[PDB]
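For reference, the structure is listed below as structure tokens.
There are 4 protein chains.
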Amino acid sequence: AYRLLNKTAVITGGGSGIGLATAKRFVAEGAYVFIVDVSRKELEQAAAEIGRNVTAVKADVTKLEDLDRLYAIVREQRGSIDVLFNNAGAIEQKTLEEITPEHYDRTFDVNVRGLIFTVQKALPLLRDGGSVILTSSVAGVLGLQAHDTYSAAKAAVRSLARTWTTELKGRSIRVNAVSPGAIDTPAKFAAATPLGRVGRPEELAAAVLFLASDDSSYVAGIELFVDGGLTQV
Amino acid sequence: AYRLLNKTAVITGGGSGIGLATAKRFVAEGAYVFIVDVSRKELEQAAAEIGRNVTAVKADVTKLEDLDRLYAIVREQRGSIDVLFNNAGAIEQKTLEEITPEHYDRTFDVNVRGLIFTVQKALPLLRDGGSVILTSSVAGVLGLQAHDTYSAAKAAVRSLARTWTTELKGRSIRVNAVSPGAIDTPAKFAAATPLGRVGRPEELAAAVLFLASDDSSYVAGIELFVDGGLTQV
Amino acid sequence: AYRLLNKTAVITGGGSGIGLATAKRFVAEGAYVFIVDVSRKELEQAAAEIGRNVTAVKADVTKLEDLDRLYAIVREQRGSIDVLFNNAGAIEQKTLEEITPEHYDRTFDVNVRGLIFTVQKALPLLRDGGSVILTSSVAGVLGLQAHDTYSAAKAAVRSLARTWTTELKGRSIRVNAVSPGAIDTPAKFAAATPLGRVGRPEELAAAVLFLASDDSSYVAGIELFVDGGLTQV
Amino acid sequence: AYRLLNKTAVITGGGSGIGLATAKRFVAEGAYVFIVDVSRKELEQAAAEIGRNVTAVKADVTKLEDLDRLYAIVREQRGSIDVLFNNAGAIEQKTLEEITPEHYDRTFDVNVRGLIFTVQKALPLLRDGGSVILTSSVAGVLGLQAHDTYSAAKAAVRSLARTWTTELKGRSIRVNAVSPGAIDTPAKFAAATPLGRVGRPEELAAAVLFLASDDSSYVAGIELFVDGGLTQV
Numbered sequence: 001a002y003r004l005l006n007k008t009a010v011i012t013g014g015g016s017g018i019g020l021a022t023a024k025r026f027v028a029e030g031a032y033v034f035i036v037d038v039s040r041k042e043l044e045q046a047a048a049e050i051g052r053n054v055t056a057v058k059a060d061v062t063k064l065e066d067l068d069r070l071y072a073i074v075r076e077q078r079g080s081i082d083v084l085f086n087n088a089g090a091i092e093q094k095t096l097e098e099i100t101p102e103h104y105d106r107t108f109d110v111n112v113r114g115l116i117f118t119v120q121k122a123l124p125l126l127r128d129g130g131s132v133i134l135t136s137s138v139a140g141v142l143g144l145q146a147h148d149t150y151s152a153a154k155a156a157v158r159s160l161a162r163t164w165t166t167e168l169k170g171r172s173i174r175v176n177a178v179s180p181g182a183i184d185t186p203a204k205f206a207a208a209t210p211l212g213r214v215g216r217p218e219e220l221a222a223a224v225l226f227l228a229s230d231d232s233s234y235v236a237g238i239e240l241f242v243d244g245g246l247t248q249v
Numbered sequence: 001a002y003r004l005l006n007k008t009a010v011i012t013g014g015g016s017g018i019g020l021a022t023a024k025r026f027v028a029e030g031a032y033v034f035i036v037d038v039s040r041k042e043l044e045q046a047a048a049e050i051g052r053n054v055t056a057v058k059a060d061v062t063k064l065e066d067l068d069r070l071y072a073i074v075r076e077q078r079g080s081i082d083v084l085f086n087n088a089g090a091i092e093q094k095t096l097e098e099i100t101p102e103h104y105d106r107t108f109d110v111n112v113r114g115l116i117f118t119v120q121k122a123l124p125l126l127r128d129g130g131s132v133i134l135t136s137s138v139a140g141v142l143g144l145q146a147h148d149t150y151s152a153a154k155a156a157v158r159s160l161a162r163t164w165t166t167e168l169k170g171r172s173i174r175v176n177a178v179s180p181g182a183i184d185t186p203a204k205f206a207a208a209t210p211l212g213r214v215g216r217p218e219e220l221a222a223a224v225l226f227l228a229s230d231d232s233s234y235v236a237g238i239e240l241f242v243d244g245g246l247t248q249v
Numbered sequence: 001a002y003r004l005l006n007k008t009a010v011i012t013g014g015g016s017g018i019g020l021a022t023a024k025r026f027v028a029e030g031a032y033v034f035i036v037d038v039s040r041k042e043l044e045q046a047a048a049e050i051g052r053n054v055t056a057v058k059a060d061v062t063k064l065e066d067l068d069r070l071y072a073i074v075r076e077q078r079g080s081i082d083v084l085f086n087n088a089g090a091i092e093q094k095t096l097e098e099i100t101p102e103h104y105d106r107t108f109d110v111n112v113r114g115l116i117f118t119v120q121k122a123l124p125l126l127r128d129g130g131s132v133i134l135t136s137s138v139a140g141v142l143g144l145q146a147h148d149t150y151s152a153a154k155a156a157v158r159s160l161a162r163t164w165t166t167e168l169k170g171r172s173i174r175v176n177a178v179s180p181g182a183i184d185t186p203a204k205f206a207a208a209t210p211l212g213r214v215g216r217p218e219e220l221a222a223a224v225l226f227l228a229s230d231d232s233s234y235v236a237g238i239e240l241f242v243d244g245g246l247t248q249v
Numbered sequence: 001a002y003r004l005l006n007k008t009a010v011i012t013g014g015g016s017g018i019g020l021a022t023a024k025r026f027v028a029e030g031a032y033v034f035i036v037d038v039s040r041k042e043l044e045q046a047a048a049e050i051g052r053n054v055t056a057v058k059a060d061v062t063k064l065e066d067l068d069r070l071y072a073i074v075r076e077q078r079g080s081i082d083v084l085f086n087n088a089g090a091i092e093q094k095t096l097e098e099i100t101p102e103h104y105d106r107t108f109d110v111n112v113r114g115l116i117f118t119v120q121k122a123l124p125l126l127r128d129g130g131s132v133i134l135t136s137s138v139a140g141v142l143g144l145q146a147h148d149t150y151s152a153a154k155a156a157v158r159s160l161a162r163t164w165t166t167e168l169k170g171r172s173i174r175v176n177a178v179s180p181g182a183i184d185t186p203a204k205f206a207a208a209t210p211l212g213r214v215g216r217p218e219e220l221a222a223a224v225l226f227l228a229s230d231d232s233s234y235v236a237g238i239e240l241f242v243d244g245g246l247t248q249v
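Chains as they are written, first to last, in the authors' numbering: chain B, 1 to 186, 203 to 249; chain D, 1 to 186, 203 to 249; chain C, 1 to 186, 203 to 249; chain A, 1 to 186, 203 to 249.
Here it is as structure tokens:
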């Protein structure tokens, strides 16, 4: 009945949009969830809506010490991590010509560096048989104006799921990537998208649940497009 | 707890292996299933195993008139199709050098021709928002000795997922390919496979259920690799 | 200066468009070319235009005995084949609903059936270390309204390059697919093409030249998109 | 004979390996070449081997003021760039467990930050209709033990070719990536490589030449694998 019964899940960007929708679906499937985001007010609000089986941890995953404090809380409250969904950060655009060193730093810090140490630091807590989701994007395989660094970073994320599938196979930890298209989170993609609509956080959440749950038990290293077909035709 | 409650499914190659594993998972999820396959004896054993909510139909998907009769049964019995799973066929191996006309026809008639007509002919019963799954293979992206025609054929299937995605969008019908690696069916693939083992048919059924169910409602046109990481690393 | 000096090429579809453009460039590169195609009027025209170091052969390469007659001539006049460029056939359009058996067979006959037996009966003649080129298409990776059978067959063609890479590696024969986008031969593709225009036949001939020549000696089983960026952004 | 007559090329990583083999081939094709690299002693050595039509420049392509100086030199002596081939950097291996902030910085500064600003700063000098080549890698689509950051960064590089195809199309600048497999520099990657050997640096220069010349005039945004079949079968 309950596809994640008593598993423990950690979700970064767990504050809002997709990461929050996932938390909620996780909790409905019977998991216990750590939502990890940066603003306290927004964590409290999130924890309040999810309502049960949820701890809110304030941390910036681009900071080594924040991560250490995170895993000391997960070890103390729950002891182990069965699932890690890495859903942090947002898009900042810049054509090649405008890219500044600091803009490139902002993107890469959040999408790659942050992610690497997030997953690195979770290894001691990860159970054998566990599941790690990275968040890549349609941007990873498209040539989209002013998405220079975002897209490059997301392609690199997709790549980490292959490598880590190789490195973590002895522990039987599956690593996969989700590549969302346009997902409604508080225009001309919708136009060139076969289902003709933006997606709902809830649908991304379900695709993530597939990767999280026992149903994707023979699924490893993939890149799961959830884009209503954008990149597929 | 019932991901396909009251949904009607049609599964070709439903008499054994993956077809039959999926037919069991579907019924466990509340669907009504039509299993379709060539041997009557095998269809009966399969129906008895499933146990309930099943009709067995004898049809060879490479014969137009057999498909006509399948669909008339379906229509009279249930009146609509929510999920079509196309899983007919088996591998036959010949190197370029050994390829004959009949060998070429056995592979393409089953894997491509018959798929085309199955789906064409299901069109009038398929609801809007229904889900169509095709069976490709790791073979469709690999260069495997003596797999000439089977690989080419399953690459042709993965392609029709893309075109049907565009053609069928007006009806919101999702078309997606699954691509199994090595599956247990009554060992070298397994050697270079990160998961270190063949898949169980149930694990393949669970991936197809994903595509069949509403958790994949924003997912269209894709190639879902269920190969333990074979082609991903 | 002469990148193919004294090499023997066979080109199918050599009477027009890409095939003919490629026969001209291969003769300018110092090759001796066989052009193979169905129209006698068309072949003699092409042969006059090409000028020198060309033999026209009227053959329907989906007929096994025409192939036999073809290679019997190649072997008699020039021994062995250094370069085989397979570029026979044209698009035919039908939506899923409109596909008939006849339309399907024309498509897969020209594109997949004849190509297999073409390259099959070429084997005893191909020199070790030679180069075989397959014409697949952007269509092979796209979901183009009413391109059902043509896209599937061109995706099957791309798969055969991977398969024959493996099978023919022992004789160091390279097999690569070229995947043309819109070429200019006697619209909206051009709206989404970054280069903003259709390709010239000469430009596709230049890309095939690359596969044919020593410049691609460490290039094998690839899909080379020649589409002004169409499938890449 | 001379496929780059009177073109100006700039190569980063020009002091050795692929850069150096490519600079040699470019001069053989009548280009004027600027070899760019860190080592003085290494560069004068390289320039001596080329022997003509070449200016060595000493720059660390990860320092912005080094790029300013390189481009002011190019501007003064040649005025224009027709070809920019980016080939700076080397692998360093670390498993996820071993990754340090410094190791991460080395790989991404050299492969991605450095790549970005090199191209950004060539923009005013690059002729309209020029060719810009990037060095990705087979590692960009593989899950290779201990290649975490290098693979991820090469995949970054691959995506930048898509994005720059889009952003630069108005100027008709083609941007494509080359992705080498095992290339012989000063044991089993070759194990299941179809060609049964590591590639020569000359073979990779020839491939890069293809991308710099008119023969790829309708090729934009591509990933060109030069890897003897590794990633293709």
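Just so it is clear, CB atoms sit at the ideal spot from N, CA and C, and this is done for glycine as well.
Candidates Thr149/B, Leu134/B, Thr118/B and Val57/B: which alpha carbon is nearest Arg40/B's?
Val57/B
Got a sec? Which residues, its chain only, sit under 6 Å from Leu220/B by beta carbon, not counting five neighbours each side?
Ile18, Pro180, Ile183 and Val242
Against chain C, does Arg127/A count as a neighbour if the rule is that its beta carbon must be under 8 Å from one of theirs?
no
Give the list of continuous beta strand (DSSP E) stretches no shorter than 3 residues that lie fully inside the stretch 6-91 of chain A.
8-12, 32-37, 54-58 and 81-86
Could you tell me which of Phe34/B, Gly51/B, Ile91/B and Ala88/B sits nearest to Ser80/B, measuring between CA atoms?
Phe34/B
Is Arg127/D closer than 8 Å to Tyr104/C when the C-beta atoms are compared?
no
Closer than 7 Å, Cβ to any Cβ of chain C: which residues of the stretch 164-180 of chain D, in chain order?
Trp164, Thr165, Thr166 and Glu167
Quick check on DSSP: helix, strand or coil for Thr163/A?
helix
Please return the same chain residues whose Cβ sits closer than 8 Å to the Cβ of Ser232/B, not counting the five positions on each side in sequence.
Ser131, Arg174, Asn176 and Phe226
If you drop the 5 nearest sequence neighbours on each side, which residues of the same chain put their C-beta closer than 8 Å to that of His147/B?
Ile91, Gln93 and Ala139
Quick check: what's the CA-CA separation for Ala156/B versus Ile116/A?
15 Å
Which runs of the alpha helix (DSSP H) fall wholly inside the stretch 107-150 of chain D and span at least 4 residues, in chain order?
114-122
Using 7 Å as the cut-off, classify the Cβ of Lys63/B as near or not near the heavy atoms of the ligand GDP, replying yes or no.
Absent from the structure shown: the ligand GDP. Ligands present: none.
Grab the span of the alpha helix (DSSP H) containing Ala223/C for me, first residue to last.
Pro217 to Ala228
Quick one: does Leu96/C have its CB under 8 Å from some CB of chain D?
yes
Length of the line joining the Cα atoms of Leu43/D and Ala59/D
10 Å
Proximity of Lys63/C and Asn111/C at Cβ, strictly below 8 Å
no
Does any residue of chain A have a CB that is nearer than 8 Å to the CB of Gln120/B?
yes
Enclosing beta strand (DSSP E) for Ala177/C [first to last residue]
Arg174 to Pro180
How far does the alpha helix (DSSP H) with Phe205/C in it reach, from first residue to last?
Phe205 to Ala208
Between which two residues does the beta strand (DSSP E) containing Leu240/D stretch?
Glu239 to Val242
Select from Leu67/B, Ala236/B and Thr118/B the residue whose C-alpha is nearest the C-alpha of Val214/D.
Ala236/B
Below 8 Å on the Cβ atoms is my contact criterion, and I expect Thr163/A with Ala88/A to pass it. Report the Cβ-Cβ distance as a whole number of Å.
Not confirmed; about 19 Å, so no contact.
State yes or no: is the beta carbon of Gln93/B nearer than 8 Å to at least one beta carbon in chain C?
no
If you draw a straight line from the C-alpha of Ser16/D to the C-alpha of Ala228/C, how long is it?
46 Å
Could you tell me the alpha carbon to alpha carbon distance between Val27/A and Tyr2/A, rounded to whole angstroms?
9 Å
Quick one: does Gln248/D have its CB under 8 Å from some CB of chain C?
no
Between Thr185/A, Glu97/A and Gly143/A, which has its C-alpha nearest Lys121/B's C-alpha?
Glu97/A
Output, in sequence order along the chain, the residues in the stretch 9-33 of chain D whose CB is closer than 7 Å to any CB in chain A.
none
Of all the CB atoms in chain A, is at least one closer than 8 Å to the CB of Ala56/C?
no
Where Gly140/B meets chain A, residues with beta-carbon distance less than 7 Å:
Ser159
Does any residue of chain C have a CB that is nearer than 8 Å to the CB of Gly244/B?
no
Please state whether the Cβ-Cβ distance between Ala152/C and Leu134/C is less than 8 Å.
no
Chain C beta carbons: is any one of them nearer than 8 Å to that of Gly143/B?
yes
State the Cα-Cα distance for the pair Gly129/C and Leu168/C, rounded to the nearest angstrom.
10 Å
Assigned secondary structure, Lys169/D (DSSP; H/G/I helix, E/B strand, else coil):
helix
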